[PDB]
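S.K.:
Number of protein chains: 2
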Amino acid sequence: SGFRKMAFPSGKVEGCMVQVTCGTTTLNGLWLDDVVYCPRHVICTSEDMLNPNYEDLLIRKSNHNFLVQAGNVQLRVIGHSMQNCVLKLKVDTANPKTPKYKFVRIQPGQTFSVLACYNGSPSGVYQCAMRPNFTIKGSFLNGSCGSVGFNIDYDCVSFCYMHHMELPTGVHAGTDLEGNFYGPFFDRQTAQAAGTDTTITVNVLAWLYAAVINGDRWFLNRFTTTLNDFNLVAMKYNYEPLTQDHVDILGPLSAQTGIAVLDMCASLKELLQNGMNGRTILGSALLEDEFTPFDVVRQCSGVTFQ
Amino acid sequence: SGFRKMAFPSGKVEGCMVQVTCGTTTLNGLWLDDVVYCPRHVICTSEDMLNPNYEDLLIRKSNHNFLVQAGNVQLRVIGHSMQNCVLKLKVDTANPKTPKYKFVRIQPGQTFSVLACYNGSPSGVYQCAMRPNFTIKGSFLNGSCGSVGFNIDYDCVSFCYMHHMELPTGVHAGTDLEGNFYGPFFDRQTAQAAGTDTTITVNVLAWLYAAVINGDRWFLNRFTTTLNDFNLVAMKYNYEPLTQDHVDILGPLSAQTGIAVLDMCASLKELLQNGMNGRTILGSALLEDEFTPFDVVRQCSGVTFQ
Ligand SMILES: *C(=N)[C@H](C[C@@H]1CCNC1=O)NC(=O)[C@@H]1Cc2ccccc2CN1C(=O)[C@@H](NC(=O)C(F)(F)F)C(C)(C)C
Ligand SMILES: *C(=N)[C@H](C[C@@H]1CCNC1=O)NC(=O)[C@@H]1Cc2ccccc2CN1C(=O)[C@@H](NC(=O)C(F)(F)F)C(C)(C)C
Numbered sequence: 001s002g003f004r005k006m007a008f009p010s011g012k013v014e015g016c017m018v019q020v021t022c023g024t025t026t027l028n029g030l031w032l033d034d035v036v037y038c039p040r041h042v043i044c045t046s047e048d049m050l051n052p053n054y055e056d057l058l059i060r061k062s063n064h065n066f067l068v069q070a071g072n073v074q075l076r077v078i079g080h081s082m083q084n085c086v087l088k089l090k091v092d093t094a095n096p097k098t099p100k101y102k103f104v105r106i107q108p109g110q111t112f113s114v115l116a117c118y119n120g121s122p123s124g125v126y127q128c129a130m131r132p133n134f135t136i137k138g139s140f141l142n143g144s145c146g147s148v149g150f151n152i153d154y155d156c157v158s159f160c161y162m163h164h165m166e167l168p169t170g171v172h173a174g175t176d177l178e179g180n181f182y183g184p185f186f187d188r189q190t191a192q193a194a195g196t197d198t199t200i201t202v203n204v205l206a207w208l209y210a211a212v213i214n215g216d217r218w219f220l221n222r223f224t225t226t227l228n229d230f231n232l233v234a235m236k237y238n239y240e241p242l243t244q245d246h247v248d249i250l251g252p253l254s255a256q257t258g259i260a261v262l263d264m265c266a267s268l269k270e271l272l273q274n275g276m277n278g279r280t281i282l283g284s285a286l287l288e289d290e291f292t293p294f295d296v297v298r299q300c301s302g303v304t305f306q
Numbered sequence: 001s002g003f004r005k006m007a008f009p010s011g012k013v014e015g016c017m018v019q020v021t022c023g024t025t026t027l028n029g030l031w032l033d034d035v036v037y038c039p040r041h042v043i044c045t046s047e048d049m050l051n052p053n054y055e056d057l058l059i060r061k062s063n064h065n066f067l068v069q070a071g072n073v074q075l076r077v078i079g080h081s082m083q084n085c086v087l088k089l090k091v092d093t094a095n096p097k098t099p100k101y102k103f104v105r106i107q108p109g110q111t112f113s114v115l116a117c118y119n120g121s122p123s124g125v126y127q128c129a130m131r132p133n134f135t136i137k138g139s140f141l142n143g144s145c146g147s148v149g150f151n152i153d154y155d156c157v158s159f160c161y162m163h164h165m166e167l168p169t170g171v172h173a174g175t176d177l178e179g180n181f182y183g184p185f186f187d188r189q190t191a192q193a194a195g196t197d198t199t200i201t202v203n204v205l206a207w208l209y210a211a212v213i214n215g216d217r218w219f220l221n222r223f224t225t226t227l228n229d230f231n232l233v234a235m236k237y238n239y240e241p242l243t244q245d246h247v248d249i250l251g252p253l254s255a256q257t258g259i260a261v262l263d264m265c266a267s268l269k270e271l272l273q274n275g276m277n278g279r280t281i282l283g284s285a286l287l288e289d290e291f292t293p294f295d296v297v298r299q300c301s302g303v304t305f306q
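Those protein sequence lines, which keep their order, are chains A and A'. A prime marks a further copy of an entry chain.
The first sequence: position 254 = 254 (the authors' numbering), numbered continuously.
The second sequence: position 255 = 255 (the authors' numbering), numbered continuously.
(1) Residues bridged to A/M165 by DSSP?
(2) The alpha helix (DSSP H) that contains A'/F294, what's its start and end?
(3) Which chain A residues are close to A'/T26, counting only those with a beta carbon under 8 Å from its beta carbon?
(4) Compare the C-beta of A/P9 with all C-beta atoms of chain A' and state if any pair is closer than 7 Å.
(5) Counting only beta-carbon atoms, is A'/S81 nearer than 7 Å to chain A?
(6) Please name the residue, chosen from A/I136, A/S144, A/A211, that lies closest to A/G195 on a Cα-to-Cα basis.
(7) Quick one: Cα of A'/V296 to Cα of A'/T111, how far?
(8) Using a Cβ-based criterion (distance less than 6 Å to any ligand heavy atom), does A/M162 qualify as near ligand 1?
(9) Any chance the CB of A'/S144 is under 6 Å from a heavy atom of ligand 2?
(10) Does the beta carbon of A/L57 sit closer than 7 Å to a beta carbon anywhere in chain A'?
(11) For a contact meaning CB atoms closer than 9 Å, what does A'/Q306 contact in chain A?
(12) From A/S158, A/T98, A/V148, A/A7, pick the residue whose C-alpha is nearest to that of A/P39; which is it?
(13) Return no unless some Cβ of chain A' is closer than 7 Å to the Cβ of A/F219.
(14) To the nearest whole angstrom, what separates the beta carbons of A'/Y126 and A/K12, a pair I think is in contact under 8 Å?
(15) Quick one: measure Cβ to Cβ for A'/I78 and A'/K61, integer angstroms, because I've assumed they're closer than 8 Å.
(16) Are the CB atoms of A/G138 and A'/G124 within a distance shorter than 7 Å?
(17) So what's A/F230 in DSSP terms, helix, strand or just coil?
(18) Can you confirm whether A/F159, when its beta carbon is compared against all beta carbons of chain A', has any partner nearer than 7 Å?
(19) Please confirm if the region 240–256 of chain A is in contact with the region 281–299 of chain A, defined as three or more CB-CB distances below 8 Å between the two stretches.
(20) Exposed or buried, A/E55, counting other C-beta atoms within 10 Å across all chains shown (16 or more means buried)?
(21) Which of the three DSSP states is assigned to A/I136 in this structure?
(22) Taking the straight line between their C-alpha atoms, what separation do you get for A/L89 and A'/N180?
(23) Do three or more CB pairs link the region 89–109 of chain A' to the region 143–163 of chain A' at distances below 8 Å?
(24) Quick one: which chain A residues come within Cβ less than 9 Å of A'/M130?
(25) Name the DSSP bridge partner or partners of A'/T26?
(26) Applying the criterion that 16 or more other CB atoms from any shown protein chain within 10 Å of the CB defines a buried residue, is A'/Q244 buried or exposed?
(27) Specify whether the region 45–52 of chain A and the region 185–199 of chain A touch according to this definition: at least 3 beta carbon pairs, one from each stretch, less than 8 Å apart.
(28) Run down chain A' in chain order and give the residues with a C-beta less than 8 Å from the C-beta of A/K100.
(29) For A/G124, which residues does DSSP report across the bridge?
(30) Let me check understanding here. Comparing Cα to Cα, which of A'/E47, A'/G143, A'/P108, A'/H64 lies closest to A'/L27?
(31) In the DSSP assignment, find the alpha helix (DSSP H) that holds A'/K12 and state where it starts and stops.
(32) For my contact list, A/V204 and A/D263 are in at a C-beta cut-off of 8 Å; report their separation, rounded to the angstrom.
(33) Counting only Cβ pairs nearer than 9 Å, list the residues of chain A close to A'/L286.
(34) Does DSSP put A/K97 in a helix, a strand or coil?
(35) A/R279: which of A/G183, A/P99, A/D216 sits nearest, CA to CA?
(36) When you compare the CB positions of A/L141 and A/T98, do they come within less than 7 Å of one another, or not?
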């Protein structure tokens, strides 16, 4: 029993973190085989943050302008290139702790674990979601860029996020590991800001199933709803539309609990309209939306990873 | 910016997890140097769970009744002993990934990271607190026993919890790594149950300071309180008494924010009496009590670990 915001074990990623220095800027890099991946803004200087021309900045650099440190060991940079907003530094040494890995670009609403790092050293691990507005509600300070987000599947680390920027509302923006930003964001100091966010309906429903699995039914009711009438209510509460694909994805949790998806939707409708009237669900007074259906099955079934 | 329930990176602990089998029972063990630590109830059988005599059960066992598996490798048990409620299995191989480590028995209100494991394989990591009633609100299923809780300090893993039992309310009980239970609990199937819990006042105050550090002041007020008058209110809301030592411990957060501890206490008093009236603090509609003062300083200052 129990239900916690649960991250993946971080060891396979810890073994990949290094420190990258260019000029006076230091941040984190990801060392896989003989390549170190890091944010290209490591090559920026203070007076040219408004609209850097990264191609022009990078052509002026030499391999020896890049200092890569793994633990106490210096790695010599022997080549470099830029791919979108990431710099790829070829190093003289292959990382002997390279896990089996993939790079994946995730969809909004998907969750992942973040290994927050400073000066190439891991600080902590926490779970986040890609919000519908393609920001993440992270916990990041100066020097955290190059920290990555990931999922693990059997033995394989799927890297999906590298940290680059903090937006004026205190939320975070970054790239996939091929250097493409999530959302309409840029690695430059400009007026950019999170678009209006929405609540991830299919995840709220998954978490309500998690609550039932863990023994709590107080919020259920005898009603059902059509998908159309549910979505009419969802829209009113700034919830994302629920699609038939979402309904299909919730199939297993519905089958395990014996509660039809549209019946759980009627329960969610009542919670939106009535509130919780002083009660909690899985220790929260809010409707939680950063557990995917797969997250619930994982934690309520004890899946492991090697 | 940002504030998340943040666990320690788990890699140093992942390298220590093994699988222990006795008879038909399998659970997890902790492999440090040439010793594997695990719950002694691995030697129990189904029909003798009500009141096992562990000394009598263990004297009937041989080293070869214990199967220890690290990855795919079998470790041969060459000695065994019982210390309180933990079994110590001497193995023919020292763990080459043994981190620098200590065993610590923590006080109620302290937090730690849990590496939930099944069949010796890590599943996930999450943060918990030792509750005042010496239960933990974990997330644990069949086969999770032997999973450990820990803190990291520089390079040193301080193990403080090994998982043994689930209580009827769905909360969890276990031991320090010397096998002494936290709380009045036992490794036997008997009527035991969590005592009434309380809210960890000094942690709530720490989290309110975290909210101020992160830019949110809405809940502050112009009032102050005496410690005595605050505690009169705390008691009414099932909060633990705040001591002068707690006040001293909050000194740094008070100094960083410019808000005297007793002024923050007046803010907490108003929140207890008034509620939040639809507002949130750090993304919660409840007053969070599983961040210690040190947790706040760690995450708001970016301390790292090697
Ligand atoms: C990476 N080390 C750091 C992570 C930040 C620092 C505070 N919290 C975080 O998450 N990233 C930056 O400081 C980036 C880097 C950068 C590249 C090009 C141009 C300007 C910058 C400055 N950075 C910002 O994140 C700034 N934000 C913005 O400019 C914007 F809001 F995204 F537009 C700022 C937080 C104001 C420093
Ligand atoms: C360890 N693998 C497992 C962890 C449990 C299983 C479900 N959630 C958990 O956290 N621990 C047990 O199953 C223990 C072991 C044990 C030792 C001696 C005697 C009886 C048991 C059975 N266990 C229990 O946790 C049971 N709880 C209690 O007996 C009590 F409530 F604590 F009294 C029970 C969950 C009913 C199996």
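Note that CB positions come from ideal geometry on N, CA and C, so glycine has one too.
M.R.: Quick answer:
(1) Locating residue 165 of chain A in the first sequence gives position 165, where the first residue counts as 1. Looking at the DSSP assignment, A/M165 forms a beta bridge with A/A173.
(2) As a first step, residue 294 of chain A' is located in the second sequence; it is residue number 294 there, counting from the start. 293–301 is the span of the alpha helix (DSSP H), which, as asked, contains A'/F294.
(3) Reading the second sequence from its first residue, position 26 is the one you call residue 26 of chain A'. What A'/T26 touches in chain A: nothing, since even the nearest Cβ is about 13 Å away.
(4) Along the first sequence, one-based indexing puts residue 9 of chain A at 9. Between A/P9 and chain A', the shortest Cβ-Cβ separation is below 7 Å.
(5) Here the question's residue 81 of chain A' lines up with position 81 in the second sequence. Chain A contact via Cβ: absent.
(6) On the first sequence, residue 195 of chain A is found 195 positions in, with the first residue counted as 1. Closest option to A/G195, Cα to Cα, is A/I136.
(7) Numbered from 1 along the second sequence, position 296 holds the residue referred to as residue 296 of chain A'. Numbered from 1 along the second sequence, position 111 holds the residue referred to as residue 111 of chain A'. Taking the CA atoms as reference points, A'/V296 sits about 11 Å from A'/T111.
(8) Here residue 162 of chain A refers to the residue found at position 162 of the first sequence. Set against 6 Å, the gap from the CB of A/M162 to the closest heavy atom of ligand 1 is not smaller.
(9) In the second sequence, the residue the question calls residue 144 of chain A' occupies position 144. Answer for A'/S144: yes, Cβ within range of ligand 2.
(10) As a working note, residue 57 of chain A is residue 57 in the first sequence. Chain A', which has no Cβ nearer than 7 Å to the Cβ of A/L57, makes this no.
(11) Along the second sequence, read from residue 1 onward, the residue named residue 306 of chain A' stands at position 306. Under the 9 Å cutoff, chain A gives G71, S121, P122.
(12) Residue mapping note: residue 39 of chain A aligns to position 39 of the first sequence, counting from 1. Ranking the options by Cα distance to A/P39, first place goes to A/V148.
(13) Indexing the first sequence from 1 puts residue 219 of chain A at position 219. Not closer than 7 Å to any Cβ of chain A', the Cβ of A/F219 fails to qualify, so no.
(14) Here residue 126 of chain A' refers to the residue found at position 126 of the second sequence. Here residue 12 of chain A refers to the residue found at position 12 of the first sequence. Contact annotation, A'/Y126 with A/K12: C-beta distance approximately 18 Å; criterion of less than 8 Å not satisfied.
(15) To locate residue 78 of chain A', count along the second sequence from 1; it is residue 78. To locate residue 61 of chain A', count along the second sequence from 1; it is residue 61. Wrong, their Cβ atoms sit about 14 Å apart, outside the cutoff.
(16) For this step, residue 124 of chain A' is matched to residue 124 along the second sequence. For this step, residue 138 of chain A is matched to residue 138 along the first sequence. The answer is no: Cβ separation not under 7 Å.
(17) Here the question's residue 230 of chain A lines up with position 230 in the first sequence. Helix.
(18) Counting from one through the first sequence, the residue named residue 159 of chain A turns up at place 159. No, A/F159 does not count as interfacial toward chain A'.
(19) yes
(20) To locate residue 55 of chain A, count along the first sequence from 1; it is residue 55. When all chains shown are included, A/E55 counts as exposed.
(21) Taking the first residue of the first sequence as 1, we reach residue 136 of chain A at position 136. In this structure, A/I136 counts as strand in the three-state DSSP scheme.
(22) As a working note, residue 89 of chain A is residue 89 in the first sequence. As a working note, residue 180 of chain A' is residue 180 in the second sequence. Cα to Cα, the separation comes out at about 50 Å.
(23) yes
(24) Position 130 of the second sequence, counted from the first residue, corresponds to residue 130 of chain A'. Within chain A, no residue comes near A'/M130; the closest Cβ sits about 15 Å away, beyond 9 Å.
(25) One-based indexing of the second sequence puts residue 26 of chain A' at position 26. Per DSSP, the beta-bridge partners of A'/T26 are A'/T21.
(26) Start at 1 with the first residue of the second sequence, and residue 244 of chain A' comes out as number 244. Exposed, because fewer than 16 other Cβ atoms sit within 10 Å of the Cβ of A'/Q244.
(27) yes
(28) Position 100 of the first sequence, counted from the first residue, corresponds to residue 100 of chain A. Simply none; closest approach about 15 Å.
(29) Here residue 124 of chain A is taken as the residue at index 124 of the first sequence, counted from 1. A/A116, per the DSSP bridge assignment.
(30) To locate residue 27 of chain A', count along the second sequence from 1; it is residue 27. The shortest C-alpha separation from A'/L27 is found at A'/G143.
(31) If you number the second sequence from 1, residue 12 of chain A' lands on position 12. Where A'/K12 is concerned, the enclosing alpha helix (DSSP H) stretches over 11–14.
(32) In the first sequence, the residue the question calls residue 204 of chain A occupies position 204. In the first sequence, the residue the question calls residue 263 of chain A occupies position 263. Actually they are not in contact, since the Cβ atoms of A/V204 and A/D263 sit about 15 Å apart, beyond 8 Å.
(33) Here residue 286 of chain A' refers to the residue found at position 286 of the second sequence. Residues of chain A passing the Cβ test: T280, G283, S284, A285, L286.
(34) Your numbering for residue 97 of chain A matches position 97 in the first sequence. The answer is coil: DSSP assigns A/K97 none of H, G, I, E or B.
(35) Sequence index remark: in the first sequence, residue 279 of chain A carries index 279 (1-based). Closest option to A/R279, Cα to Cα, is A/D216.
(36) By one-based count along the first sequence, residue 141 of chain A stands at place 141. By one-based count along the first sequence, residue 98 of chain A stands at place 98. Not closer than 7 Å, so no.
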